[PDB]
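*Asks:* For reference, the structure I am asking about is given below.
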Amino acid sequence: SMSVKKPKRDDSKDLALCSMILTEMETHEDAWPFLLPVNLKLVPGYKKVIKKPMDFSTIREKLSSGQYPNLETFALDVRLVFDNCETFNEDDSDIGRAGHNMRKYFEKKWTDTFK
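Residue 634 in the working numbering sits at position 99 of the sequence shown, with consecutive numbering throughout.
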């Protein structure tokens, strides 16, 4: 509250550390469905159904241009990528499996780096 603060957690390295994680996700072999924005002219249903499209290249551009105010807003956009994937893709498909694998990979790196 006013003039009552918990001790200052060091956040000076968060930007660098989120960038490293994002690099690791970009280079994973199962990243291919997520590297670029879904082409809304060429994929029927996507535009109407997925209210907030997100992909790794869009996260990279936001990160590089100071559009994440803190590490939680970064994790929210990564998780949105995988939540979108589950909304549009069956679990038993290559893309559906890719999303599960990438979410797992991310959540471990997130915990190991920050928690």
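All C-beta atoms in this analysis are idealised placements derived from N, C-alpha and C, irrespective of residue type, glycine included.
Between which residues of its own chain and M589 is the CB-CB distance below 7 angstroms, once the five residues before and five after are set aside?
*Replies:* Here residue 589 is taken as the residue at index 54 of the sequence shown, counted from 1. If we look at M589 and ignore the five residues flanking it on each side, its Cβ neighbours are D612, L615, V616 and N619.
*Asks:* Say whether the region 548-559 touches the region 592-600, bearing in mind that this needs 3 or more beta-carbon pairs closer than 8 angstroms, one atom from each stretch.
*Replies:* Because the criterion of three Cβ pairs below 8 angstroms is met, the region 548-559 and the region 592-600 touch.
*Asks:* Of the residues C553, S538, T646 and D545, which one's Cα is nearest the Cα of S599?
*Replies:* Working through the sequence shown from its first residue, we reach residue 599 at position 64. Out of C553, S538, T646 and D545, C553 has the C-alpha closest to the C-alpha of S599.
*Asks:* Of all the options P568, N605 and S536, which has the alpha carbon lying nearest to the alpha carbon of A551?
*Replies:* Indexing the sequence shown from 1 puts residue 551 at position 16. Checking every option, the nearest Cα to that of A551 belongs to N605.
*Asks:* Mapping DSSP to helix, strand and coil, what is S547?
*Replies:* For the purposes of this step, residue 547 is identified with residue 12 of the sequence shown, where counting begins at 1. Reduced to three states, the DSSP call for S547 is coil.
*Asks:* Assess, as a yes-or-no matter, whether the region 560-576 is touched by the region 623-633 under the definition of 3 or more beta carbon pairs within less than 8 angstroms.
*Replies:* Yes, the region 623-633 touches the region 560-576.
*Asks:* Can you list the alpha helix (DSSP H) stretches of 4 or more residues lying completely in the region 587-638, in chain order?
*Replies:* For the region 587-638, whole alpha helix (DSSP H) runs of length 4 or above, ordered along the chain, are 591-599 and 606-623.
*Asks:* Using only the alpha-carbon positions, how far apart do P568 and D545 sit?
*Replies:* Position 33 of the sequence shown holds residue 568. Position 10 of the sequence shown holds residue 545. Rounded to the nearest angstrom, the two C-alpha atoms are 34 angstroms apart.
*Asks:* Distance check for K643 and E607, CA to CA, integer angstroms please.
*Replies:* The residue labelled residue 607 in the question sits at position 72 within the sequence shown. The residue labelled residue 643 in the question sits at position 108 within the sequence shown. Computed Cα separation, rounded: 15 angstroms.
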